[PDB]
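1. This one's experimental. Sequence and coordinates below.
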Amino acid sequence: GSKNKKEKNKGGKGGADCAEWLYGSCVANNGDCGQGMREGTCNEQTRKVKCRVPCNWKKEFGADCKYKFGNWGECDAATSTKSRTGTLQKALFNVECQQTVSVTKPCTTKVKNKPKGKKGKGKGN
């Protein structure tokens, strides 16, 4: 029977930052958009970082001048394009616009719907 004694167990450590903080949501300081602050979350902690909050979330399109179009004129199959004239309704942008302006559209048509035919081009043979 040989007895003895020798035990060991060194070690123990933990903590440090979250390592590579991941963020995405940006907060605007000015209110609508601009240079502000940002709060990011990693695992189960929060962080602060400076970012830019540019305006470009919602959108649709842009206008210029509005007119009152009635009924497209007659299309000329010879040019496969129609012409018309619209009267200026009101100024919403106050930009440069004439009281009246013409328009164009890719329309084509020929041989009007007029009355023709007489008992089958009359008799014959």
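-> Good, I have the coordinates. Residues are numbered from 1 along each chain as shown.
2. CA atoms for contacts and neighbours, from now on please.
-> Fine.
3. can you pull the buried residues of stretch 66-79?
-> Residues of stretch 66-79 classed as buried by neighbour count (16 or more other C-alpha atoms under 10 Å): residue 75.
4. Dump that stretch to CSV, restricted to CA.
-> Written as CSV, here are the backbone C-alpha positions of stretch 66-79 (Å, rounded to 0.1, in the frame of the first residue of the first chain):
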residue,chain,number,x,y,z
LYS,A,66,-50.8,70.0,-63.5
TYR,A,67,-53.3,70.5,-66.3
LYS,A,68,-56.9,69.6,-67.3
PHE,A,69,-57.0,67.1,-70.1
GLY,A,70,-60.3,66.5,-71.8
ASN,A,71,-60.5,63.9,-74.6
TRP,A,72,-57.5,62.8,-76.6
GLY,A,73,-57.8,64.0,-80.2
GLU,A,74,-57.8,61.8,-83.3
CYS,A,75,-54.8,59.5,-83.7
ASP,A,76,-52.9,59.6,-87.0
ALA,A,77,-51.9,56.0,-88.0
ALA,A,78,-49.6,57.7,-90.4
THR,A,79,-47.4,58.8,-87.5
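5. Just the residues contacting it, thanks.
-> Stretch 66-79 has contacts (C-alpha atoms under 8 Å, 6 or more residues apart in numbering) with 81-92, 107-110.
6. Which members of the residues you listed are positioned in strands?
-> Of the positions in the contacts of stretch 66-79, 82-88 sit in strands, assigned by DSSP state E.
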